[PDB]
Each structure stands twice: as structure tokens, then as C-alpha cells.
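Report on the structure given below.
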Amino acid sequence: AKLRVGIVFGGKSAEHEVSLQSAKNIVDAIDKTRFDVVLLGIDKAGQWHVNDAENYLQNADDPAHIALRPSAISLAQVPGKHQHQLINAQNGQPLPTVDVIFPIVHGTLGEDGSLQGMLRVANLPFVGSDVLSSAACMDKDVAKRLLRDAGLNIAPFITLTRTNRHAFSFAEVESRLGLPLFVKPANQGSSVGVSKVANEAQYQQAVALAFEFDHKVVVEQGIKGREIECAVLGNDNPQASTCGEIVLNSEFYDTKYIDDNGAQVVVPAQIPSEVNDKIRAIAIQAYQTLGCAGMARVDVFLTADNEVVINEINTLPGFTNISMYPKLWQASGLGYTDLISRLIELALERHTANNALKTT
Amino acid sequence: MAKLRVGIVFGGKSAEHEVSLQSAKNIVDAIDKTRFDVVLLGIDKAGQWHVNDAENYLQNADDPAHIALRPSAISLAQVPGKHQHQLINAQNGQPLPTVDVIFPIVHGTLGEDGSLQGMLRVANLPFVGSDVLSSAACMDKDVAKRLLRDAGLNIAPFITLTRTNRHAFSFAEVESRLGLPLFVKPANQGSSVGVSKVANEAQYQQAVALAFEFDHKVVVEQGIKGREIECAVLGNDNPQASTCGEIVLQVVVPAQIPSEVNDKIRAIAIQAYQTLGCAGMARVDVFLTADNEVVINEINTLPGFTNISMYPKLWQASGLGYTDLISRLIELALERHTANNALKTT
Ligand SMILES: Nc1ncnc2c1ncn2[C@@H]1O[C@H](COP(=O)(O)OP(=O)(O)O)[C@@H](O)[C@H]1O
Ligand SMILES: Nc1ncnc2c1ncn2[C@@H]1O[C@H](COP(=O)(O)OP(=O)(O)O)[C@@H](O)[C@H]1O
């Protein structure tokens with residue numbers, strides 16, 4: 001009668017270490033009266049392991065050193081099965097069935113739809129957004145096109161590809177978008193490859209760096225404003241937390257082992273309640289437009305005139321004991337343990353919904 | 001020496017299972033046996049993977065109804081994170097010899113919608129066709145249309161129903177917005193699966209309820225009056241468009257249209273292909289109206305691929321034979337995989 005909850009954390013991605021802490025804190029807060037946890041740790045190589053609750057993290061208390069303890073057991077997944085989908089990769093030995101997955105691998109394979117495709121192929125119910133929404137929210141160019149098309153406010157931008165890169169002069173980009181500009185790879189994370197640009201020198205450098213990381217580079221108008229974030233929860237009836245503020249300054253990737261890169265975070269945002277509600281309602285619209293499920297964190301710019309400009313949507317936000325997404329809910333009447341539970345319930349409901357659908 | 005191993009993934013838990021069975025047989029039958037060894041990776045209708053043997057993998061192979069995948073002893077499991085021996089015997093862990101490329105030809109639900117591509121991406125397996133986002137986006141007609149309209153391309157005017165808003169609009173409200181007749185389709189599904197033409201209210205409530213048994217979003221569109229033309233696109237970054245073909249009240253290749261129209265449709269296919277981020281191949285299906293407007297209906301990232309299907313017939317009518325189309329798709333897969341590996345991670 002207790003559901004086995006498989007927490008998938010770690011990963012090849014550069015956010016590996018923040019993933020380890022998100023996992024530690026979920027493991028610590030999860031209602032042990034309803035759920036048994038199984039630790040499904042992914043290596044920096046991308047291989048899956050079943051870790052032991054007592055011995056899974058090597059420097060749990062030390063962000064710049066924390067690590068996932070090596071394992072004998074590697075895992076494989078068996079497509080089309082409905083039980084025992086996860087096995088020992090050396091010998092076929094089955095793991096007991098996991099009833100739901102809680103993926104908390106930030107970035108590269110966990111947030112971009114890839115992991116979600118695998119879990120869908122394994123008939124594993126899972127927390128959060130599915131393939132399309134996850135892939136779409138990770139491609140900044142696509143997400144923005146979807147937002148613009150929904151009528152929502154977005155930084156004016158253009159997208160460079162390998163085949164139009166040189167169509168645009170710096171003058172041309174400057175005439176289109178004004179200065180300063182931000183230049184980023186379409187598919188990254190944690191400001192890696194993001195540069196702000198005030199002249200043609202910078203611009204050309206900016207573009208070359210970003211093309212080291214993706215085949216599409218987004219170049220957008222600089223927005224002046226506070227950075228406000230909001231936590232959305234639900235499937236068909238999305239609810240918005242109160243808003244929170246993040247303060248990033250230009251003075252310092254050299255700290256992508258701390259969530260939000262150690263920026264100043266304050267919850268609730270010291271903004272008026274009617275602005276807070278306005279951002280809340282926009283966050284739900286955004287959520288809807290990107291087809292998100294389970295949860296998402298919506299990050300916006302709030303300009304001097306209280307215009308709200310959507311910057312990012314993150315489908316697997318940081319989930320440490322002091323990360324923005326859970327604190328926002330905690331400030332809104334929903335505690336960590338109960339948040340975790342709600343996320344699991346939503347995952348199982350959506351799975352039931354999907355399963356009931358006809359195939360022919 | 002030794003040739004590239006091509007794993008053809010086919011079959012699947014999908015309405016289009018039998019079509020996939022055929023696309024695969026034709027691919028197996030035509031692939032250049034001097035360059036490639038095929039490994040047959042058949043997915044039964046329950047969605048489980050097997051290694052099949054090419055001398056005896058289909059039952060009633062020659063009969064378009066009754067064609068079935070022969071049941072197999074070996075079921076398969078995938079090992080995330082490995083760059084070799086990613087596919088193993090799911091009973092005992094024995095690895096298959098490592099496949100060099102995957103040719104996915106599972107039409108519809110999991111094979112065409114990004115799920116399979118996401119699995120292949122995690123297994124570091126090079127693969128033919130469009131990647132995770134593009135496959136998922138082209139399969140969701142609602143998203144594909146919104147992206148096409150954002151690019152300035154013509155699509156059928158539409159509304160999208162969800163379980164929460166489906167009762168907002170009356171037949172009368174829809175009709176004032178979109179005219180009659182209407183087409184009601186699940187957002188995500190293959191070939192005509194829950195699609196209905198609607199001319200009155202009873203038809204509408206019926207059609208909408210039906211599409212909602214196949215998906216959680218339903219597109220309701222204005223019926224477009226025109227000829228149905230298709231175009232095959234091939235490539236990654238500098239893609240090429242075949243000559244066009246037509247479906248008639250019957251497939252006609254080449255479509256009997258002036259050259260200017262052929263080129264207009266062709267250039268639009270490529271724009272649609274770029275807007276949706278497709279890779280390898282797609283078939284772009286359009287309506288050509290009385291005044292030569294081109295309205296995009298569908299972008300298919302894994303189109304029917306029997307040697308008689310539209311996509312291959314369009315290339316043949318443009319000077320590219322079926323064996324050679326197969327080879328070019330495999331080498332585009334490999335070129336894309338190498339370009340993706342050159343991207344830096346830090
Ligand atoms: N258009 C913009 N105007 C102002 N600041 C921006 C703009 N784009 C990015 N930034 C700044 O750069 C940071 C990282 O950009 P973002 O697009 O969020 O990248 P990431 O996805 O890596 O978090 C933002 O949090 C913000 O401070
Ligand atoms: N909006 C429309 N206007 C006119 N005819 C349509 C429209 N939508 C669909 N049809 C007709 O119905 C057929 C099936 O719809 P389609 O979107 O092609 O479904 P599928 O993607 O499942 O093949 C089309 O090939 C076309 O003949």
C-alpha cells in the first residue's frame with residue numbers, strides 16, 4: 001500500500017550538483033507515511049544506478065564538492081512493459097516496480113523532453129511536463145515564438161541559425177533591437193553562453209561563443225526591470241503561487257553548483273499585491289501556452305511602468321530546501337512535504353488520463 | 001572490413017502498426033546491402049521491442065491486411081548512458097552488437113512524436129529524421145499551426161478545444177468564426193484517425209466527443225477548398241524539395257500544375273520545414289486554392305515509406321531512387337549526429 005517513488009537525479013548536465021541537492025531535500029521532505037523512495041542516480045556519464053539511502057552522496061554539505069557515490073548496479077529500461085520496467089543492466093534482474101518517477105535532473109537530458117520520452121516508452125508515470133512542453137520550454141527560440149503568437153509580452157529578438165548567421169549586420173541587429181542586446185544559445189541553461197552586448201566587437205564575440213553551444217542563437221533586446229518569478233502548480237487547473245524576486249548583478253558559470261547561481265532571492269517579492277496578481281495571471285497564461293504539466297517556474301521582467309515581459313519558463317526548477325519554486329509555495333500556504341505529494345498526485349492523475357485514451 | 005549496422009525500428013503500439021510493417025519490409029527489401037547490414041528491431045503491438053530475423057520476421061507478408069510481426073523470443077531493453085551495446089537482452093543482460101544508426105519508421109504515437117527520439121538521444125544512437133522537439137511539434141497540429149502562423153505561412157483558421165474550454169463554444173459560435181464545413185481532429189494522431197467533417201450541430205458534438213477519445217486537445221478548422229498537393233523535403237541545413245504530387249477524387253505524380261506553382265509550393269514546403277526545425281525528411285501536405293494560394297495542412301516527419309508511398313514516389317519522379325533515398329537519409333543522420341557532438345558542453 002505505499003507507492004514507490006523513483007527520484008531521478010544527477011545527470012550529465014552541468015547542473016548535476018544542484019540536482020544532487022534538489023534530490024537530497026526531496027528525500028528528506030517526502031511523506032514517508034505514503035511513499036517509499038528509491039534513489040535513481042544518474043552519473044556524470046549518464047548511466048543510471050539504484051543508490052542506497054544512507055550512502056548516495058559523498059559531500060552532502062558542500063556544494064562545490066558534493067558527489068554521487070559510485071555504484072555496482074547499472075540500470076536498463078524495458079520498453080512497453082507495465083511492471084518491472086527497470087532492470088539490472090548486467091544480468092536482467094528486475095527492480096521492484098516503481099509506481100511514479102520524480103525527475104529532478106535540471107538541464108540537458110532531464111528537462112528537454114528526452115527523459116520524458118524514455119519514461120513514456122516505459123509506461124512510467126512521472127512528475128512534471130511531458131515531451132513537447134519540456135522540449136519547447138528548453139528551446140528559447142520556440143518558446144518565445146509560441147508566446148508571441150499567444151499575444152504575450154516577450155523581449156523583441158531574432159534567431160540566428162547556421163544558414164542565416166551572416167544575413168545580419170551588427171548595424172542591422174542594432175537598428176532592429178536597440179542596445180544593449182543579450183545573446184544566448186537557444187538551448188542552454190544557467191546563463192552559460194549568455195553575454196550582454198553594447199557594441200559590434202562584443203556582438204561578434206557574443207555570437208561565436210553562443211554557436212559553440214547550439215546551432216541556434218537568440219539575440220534579444222535588453223529589458224530594464226526587476227526579475228520576478230512565480231511558481232505554477234497543476235495539470236488542467238493551474239494555480240500560481242505568490243511571486244518572488246531574484247537579483248542578478250553583472251559582477252561575476254563560476255557558481256553553477258549553487259541553485260540560482262547564488263543570486264539574492266527574496267520571497268515574497270516586495271511588490272504591490274495588484275502587481276503580484278498581474279504577474280500571477282500572466283504566469284498561468286504562459287504555462288498554458290507552453291502546454292506545461294505538473295509544475296513550472298515562470299521568470300519575468302517587471303519594468304518601471306509595471307509592464308511584464310516573460311523571460312523563461314523552467315519545467316524542472318531547482319528544488320532544494322531554499323530554492324525559489326518550493327519557497328514560493330511555502331510562502332503561499334503549501335509546505336514542502338505537501339507540495340511533493342501534490343506533484344505525485346498530479347503525475348498519477350495525468351497518467352490515468354493518458355492511459356484511458358484510445359489508440360485505434 | 002565491416003559495414004555499418006542499421007537498426008530499423010518498426011511496428012509499434014499504434015493505429016499505423018501495419019503500415020509500419022510495410023514501410024519496413026520495403027526498406028529492408030531496398031537498402032543497399034553492400035553498404036549496410038540490417039538489424040530488425042520490431043515493436044509488437046504491446047510496445048515491446050524484439051530482435052527479429054530478416055528471413056522470417058513477418059507473417060502474411062504478402063497480404064496488406066493480416067500482415068503481422070512474427071512473435072520473437074528475445075525481448076529488448078535499452079541502457080542509458082552507454083555509447084556502445086546500448087541494446088541488451090531484457091531477460092539476461094546480453095548485449096546486441098552495437099548498432100551504428102537507427103532508421104525509425106514507427107508512424108504515429110510513440111515513434112513519430114518525439115518519445116522514441118528522446119530514447120535514442122539518451123542512448124547516444126544516431127538516427128534518421130527529425131529530433132525530439134521537431135517531431136513532437138509536427139505531431140501536435142495545434143502547435144505546428146501556431147508556429148506556421150507565427151512564421152507568416154497560411155494555415156486553416158482554427159480553434160483549439162481543451163477539456164476545460166470545450167463547452168465555451170457553441171456550434172453557432174464556432175460557425176460564425178470559421179464558416180462551414182468544419183474539420184474536427186484530435187491534435188495528436190496519425191492518418192485520419194479521429195477526424196470528421198462537420199456540417200451541422202449534431203455532427204459537431206459527435207465529432208468533438210470522438211476526437212477527445214484520442215487526445216486531450218482537439219483542433220476545429222475551417223474547411224479549405226482546393227487541390228491536395230504534397231511535396232517531399234530531404235536534408236538537414238540546406239534542404240531540397242521534390243517535385244509535387246496530387247491526391248485526387250488516386251495519386252498523380254507529378255502533379256499537373258504550372259511550374260511556377262510547383263516552385264511556389266516547393267519553396268513554402270522548405271519554409272515550413274525550417275520553421276518546424278525538421279531534419280532528414282518530411283512530407284508537407286498543402287491545399288492549393290482556386291487563386292493559387294497555398295494553405296499548409298500537415299507536416300509529416302515519418303511519412304509512409306513503402307516503395308509505393310507518396311514520399312518515395314516524389315523523389316523517384318524527381319530523379320532519386322528508393323535505395324539511394326535510403327542511403328542519403330542514413331548519411332544525413334550521421335552528419336547530424338557528428339555536428340551535434342561537436343557542440344561544447346562547457
Ligand atoms: N532581454 C534581456 N534583458 C535584460 N536582461 C536579460 C535579458 N536576457 C537575459 N537577461 C539576463 O541574463 C540572465 C540569464 O538569461 P536567461 O535567458 O534567463 O538564461 P538562462 O536560461 O541561462 O537562465 C537573466 O536572468 C537576466 O538577468
Ligand atoms: N481544414 C481542411 N479543409 C479541407 N479538407 C480537410 C481539412 N482538414 C482535413 N481535410 C481532409 O481530411 C483529410 C485527413 O485530415 P488530415 O489533417 O490529413 O489527418 P491526418 O493528419 O490524420 O492524415 C485530409 O487529407 C483532407 O483530405
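Ordering of the C-alpha cells sets the chain letters (A, B, ...); residue numbers start at 1 within each chain; ligands are numbered from 1 in the order shown.
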
Review point. Within 8 Å of ligand 2, counting only C-alpha atoms and all ligand atoms: which residues, as a list in words?
Key: residues 156, 182, 183, 184, 185, 189, 190, 191, 192, 193, 194, 195, 196, 197, 221, 222, 223, 224, 225, 226, 228, 285, 287, 297, 298 and 300 of chain B

Selection file, C-alpha atoms, as a PDB file, in the first residue's frame:
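Final output, saved to again09.pdb:
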```pdb
ATOM      1  CA  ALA B 156      -6.578  26.845 -41.962  1.00  0.00           C
ATOM      2  CA  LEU B 182     -15.519  22.315 -40.431  1.00  0.00           C
ATOM      3  CA  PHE B 183     -12.899  19.605 -39.815  1.00  0.00           C
ATOM      4  CA  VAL B 184     -12.552  18.326 -36.238  1.00  0.00           C
ATOM      5  CA  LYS B 185      -9.329  16.402 -35.443  1.00  0.00           C
ATOM      6  CA  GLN B 189      -2.859  11.329 -34.016  1.00  0.00           C
ATOM      7  CA  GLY B 190      -1.963   9.842 -37.378  1.00  0.00           C
ATOM      8  CA  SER B 191      -3.685   9.470 -40.721  1.00  0.00           C
ATOM      9  CA  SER B 192      -7.327  10.493 -40.378  1.00  0.00           C
ATOM     10  CA  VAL B 193      -7.667   8.606 -37.171  1.00  0.00           C
ATOM     11  CA  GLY B 194     -10.358  10.649 -35.349  1.00  0.00           C
ATOM     12  CA  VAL B 195     -11.039  13.211 -37.993  1.00  0.00           C
ATOM     13  CA  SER B 196     -14.575  14.208 -39.045  1.00  0.00           C
ATOM     14  CA  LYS B 197     -16.081  16.628 -41.478  1.00  0.00           C
ATOM     15  CA  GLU B 221     -10.744  24.073 -38.549  1.00  0.00           C
ATOM     16  CA  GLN B 222     -12.295  25.821 -41.429  1.00  0.00           C
ATOM     17  CA  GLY B 223     -12.724  23.562 -44.417  1.00  0.00           C
ATOM     18  CA  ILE B 224     -10.324  24.739 -47.162  1.00  0.00           C
ATOM     19  CA  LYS B 225     -11.479  24.461 -50.788  1.00  0.00           C
ATOM     20  CA  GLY B 226      -8.634  23.307 -53.036  1.00  0.00           C
ATOM     21  CA  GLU B 228      -4.466  18.455 -52.331  1.00  0.00           C
ATOM     22  CA  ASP B 285       0.785  18.447 -47.442  1.00  0.00           C
ATOM     23  CA  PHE B 287      -4.168  22.874 -50.221  1.00  0.00           C
ATOM     24  CA  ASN B 297      -2.435  21.188 -43.669  1.00  0.00           C
ATOM     25  CA  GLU B 298       0.185  18.709 -42.244  1.00  0.00           C
ATOM     26  CA  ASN B 300       4.764  14.588 -41.515  1.00  0.00           C
TER      27      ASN B 300
END
```

Listing only residues of chain A within 6 Å of ligand 1, what is the closest atom pair and its distance in Å (to one decimal) for each, using only C-alpha atoms and all ligand atoms, sorted by chain and residue number ascending, as a Markdown table?
```
| residue | atom | partner | partner_atom_place_in_ligand_line | distance |
| --- | --- | --- | --- | --- |
| A:155 | CA | ligand 1 | 1 (N) | 5.5 |
| A:182 | CA | ligand 1 | 8 (N) | 5.3 |
| A:188 | CA | ligand 1 | 22 (O) | 5.9 |
| A:189 | CA | ligand 1 | 22 (O) | 3.7 |
| A:190 | CA | ligand 1 | 22 (O) | 3.6 |
| A:191 | CA | ligand 1 | 22 (O) | 3.2 |
| A:192 | CA | ligand 1 | 22 (O) | 5.8 |
| A:220 | CA | ligand 1 | 1 (N) | 5.3 |
| A:221 | CA | ligand 1 | 1 (N) | 5.0 |
| A:222 | CA | ligand 1 | 3 (N) | 3.5 |
| A:223 | CA | ligand 1 | 3 (N) | 3.6 |
| A:224 | CA | ligand 1 | 4 (C) | 5.8 |
| A:248 | CA | ligand 1 | 27 (O) | 5.6 |
| A:312 | CA | ligand 1 | 18 (O) | 5.7 |
```

Point to revise | Contact residues around range 28-37 of chain B with only C-alpha atoms at 10 Å, ignoring same-chain residues under 5 positions, as JSON, numbers by chain | key: {"B": [2, 3, 4, 5, 6, 7, 8, 22, 23, 54, 99, 100, 306, 307, 321, 322, 323, 324, 325, 326, 327, 330]}

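In this structure, the chain B residues at most 6 Å away from chain A are residues 15, 47, 48, 77, 78, 79, 80, 81, 90, 91, 92, 93, 115, 118, 119, 133, 136, 150, 213, 214, 343 and 344 of chain B, with only C-alpha atoms considered.
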
Near residue 44 in chain B, within 9 Å and counting only C-alpha atoms, which residues show up once chain neighbours fewer than 5 positions away are dropped, as a PDB file with N, CA, C and O atoms, in the first residue's frame?
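Here's the written file out-v1.pdb:
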```pdb
ATOM      1  N   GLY A  80       7.794  -0.801 -23.325  1.00  0.00           N
ATOM      2  CA  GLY A  80       6.482  -1.447 -23.455  1.00  0.00           C
ATOM      3  C   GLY A  80       5.997  -2.195 -22.246  1.00  0.00           C
ATOM      4  O   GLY A  80       4.809  -2.471 -22.145  1.00  0.00           O
TER       5      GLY A  80
ATOM      6  N   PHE B  10      10.503  -0.608 -36.190  1.00  0.00           N
ATOM      7  CA  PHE B  10       9.240  -0.661 -36.907  1.00  0.00           C
ATOM      8  C   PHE B  10       8.161  -1.381 -36.130  1.00  0.00           C
ATOM      9  O   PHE B  10       8.470  -2.121 -35.188  1.00  0.00           O
ATOM     10  N   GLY B  11       6.910  -1.189 -36.546  1.00  0.00           N
ATOM     11  CA  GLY B  11       5.786  -1.831 -35.878  1.00  0.00           C
ATOM     12  C   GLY B  11       5.155  -0.860 -34.932  1.00  0.00           C
ATOM     13  O   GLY B  11       4.693   0.161 -35.358  1.00  0.00           O
ATOM     14  N   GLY B  12       5.159  -1.135 -33.637  1.00  0.00           N
ATOM     15  CA  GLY B  12       4.755  -0.130 -32.648  1.00  0.00           C
ATOM     16  C   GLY B  12       3.340  -0.311 -32.158  1.00  0.00           C
ATOM     17  O   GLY B  12       2.554  -1.015 -32.765  1.00  0.00           O
ATOM     18  N   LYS B  13       3.064   0.277 -30.994  1.00  0.00           N
ATOM     19  CA  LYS B  13       1.742   0.299 -30.352  1.00  0.00           C
ATOM     20  C   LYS B  13       1.012   1.474 -30.946  1.00  0.00           C
ATOM     21  O   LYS B  13       0.950   2.542 -30.340  1.00  0.00           O
ATOM     22  N   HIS B  17       0.385   0.547 -37.073  1.00  0.00           N
ATOM     23  CA  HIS B  17       1.297  -0.609 -36.928  1.00  0.00           C
ATOM     24  C   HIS B  17       1.558  -1.358 -38.233  1.00  0.00           C
ATOM     25  O   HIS B  17       2.718  -1.646 -38.591  1.00  0.00           O
ATOM     26  N   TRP B  49       9.964  -4.362 -27.554  1.00  0.00           N
ATOM     27  CA  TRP B  49      10.935  -4.429 -28.629  1.00  0.00           C
ATOM     28  C   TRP B  49      11.516  -5.817 -28.710  1.00  0.00           C
ATOM     29  O   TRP B  49      11.800  -6.422 -27.670  1.00  0.00           O
ATOM     30  N   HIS B  50      11.772  -6.274 -29.922  1.00  0.00           N
ATOM     31  CA  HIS B  50      12.496  -7.527 -30.184  1.00  0.00           C
ATOM     32  C   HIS B  50      13.557  -7.391 -31.255  1.00  0.00           C
ATOM     33  O   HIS B  50      13.514  -6.416 -32.033  1.00  0.00           O
ATOM     34  N   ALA B  68       1.576  -9.341 -40.115  1.00  0.00           N
ATOM     35  CA  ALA B  68       1.829  -9.363 -38.690  1.00  0.00           C
ATOM     36  C   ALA B  68       3.304  -9.586 -38.480  1.00  0.00           C
ATOM     37  O   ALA B  68       3.956 -10.268 -39.271  1.00  0.00           O
ATOM     38  N   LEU B  69       3.793  -9.075 -37.364  1.00  0.00           N
ATOM     39  CA  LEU B  69       5.154  -9.307 -36.903  1.00  0.00           C
ATOM     40  C   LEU B  69       5.232 -10.673 -36.230  1.00  0.00           C
ATOM     41  O   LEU B  69       4.484 -10.960 -35.301  1.00  0.00           O
ATOM     42  N   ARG B  70       6.139 -11.516 -36.690  1.00  0.00           N
ATOM     43  CA  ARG B  70       6.293 -12.827 -36.089  1.00  0.00           C
ATOM     44  C   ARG B  70       6.762 -12.706 -34.627  1.00  0.00           C
ATOM     45  O   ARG B  70       7.736 -12.005 -34.327  1.00  0.00           O
ATOM     46  N   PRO B  71       6.073 -13.388 -33.710  1.00  0.00           N
ATOM     47  CA  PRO B  71       6.490 -13.277 -32.308  1.00  0.00           C
ATOM     48  C   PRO B  71       7.907 -13.810 -32.115  1.00  0.00           C
ATOM     49  O   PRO B  71       8.304 -14.707 -32.814  1.00  0.00           O
TER      50      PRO B  71
END
```
